Amino acid sequence: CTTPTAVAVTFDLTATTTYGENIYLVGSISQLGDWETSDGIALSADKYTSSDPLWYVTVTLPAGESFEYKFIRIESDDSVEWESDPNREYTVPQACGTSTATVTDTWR
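Going by the deposited numbering, the first residue of the sequence shown is number 509, and it counts up by one from there.
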């Protein structure tokens with residue numbers, strides 16, 4: 509069991525986008541580069557294609573916390589768009605072994 513205070517949280521997008529862009533994700537703590545989209549983290553679409561568009565990235569989050577993370581529209585470069593106003597949040601639990609978490613980021 510690694511850091512019991514850190515939980516991996518996957519941020520998934522409900523977005524059937526079809527462009528060559530990518531939805532990155534930054535956060536309210538250094539874990540997500542503090543608040544930089546070019547330092548945040550690009551997400552992937554392994555569970556997103558046509559039937560169910562679900563992006564997501566399991567960005568670790570050390571020290572239980574109602575972290576506040578949001579999405580960003582990142583072009584083939586660091587140019588992007590970002591959180592509307594109401595960003596998202598996650599509460600890192602204190603479970604040893606099952607260090608998993610969830611954050612439903614919507615992009616569509």
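Every residue, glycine too, gets a C-beta built ideally from N, C-alpha and C.
Secondary structure at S607: coil, using DSSP grouped into helix, strand and coil.
Under a 10 Å Cβ-count criterion, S607 is classified as buried, with 16 or more other Cβ atoms of the shown protein chains found around its own Cβ. In terms of Cβ geometry, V534 and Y577 form a close pair [threshold 9 Å].
When only Cα atoms are considered, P512 and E544 end up about 26 Å apart. Counting along the chain, the unbroken beta strand (DSSP E) around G535 starts and ends at 530–535. Within the DSSP secondary-structure output, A550 pairs in a beta bridge with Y532.
Within the model, the alpha-carbon separation for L551 versus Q602 is close to 25 Å. In this chain, the beta strand (DSSP E) harbouring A516 covers 516–521. Taking C-alpha positions only, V565 is separated from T526 by approximately 19 Å. For a cut-off of 8 Å, the C-beta gap from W615 to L521 is around 4 Å, short enough to register as a contact.
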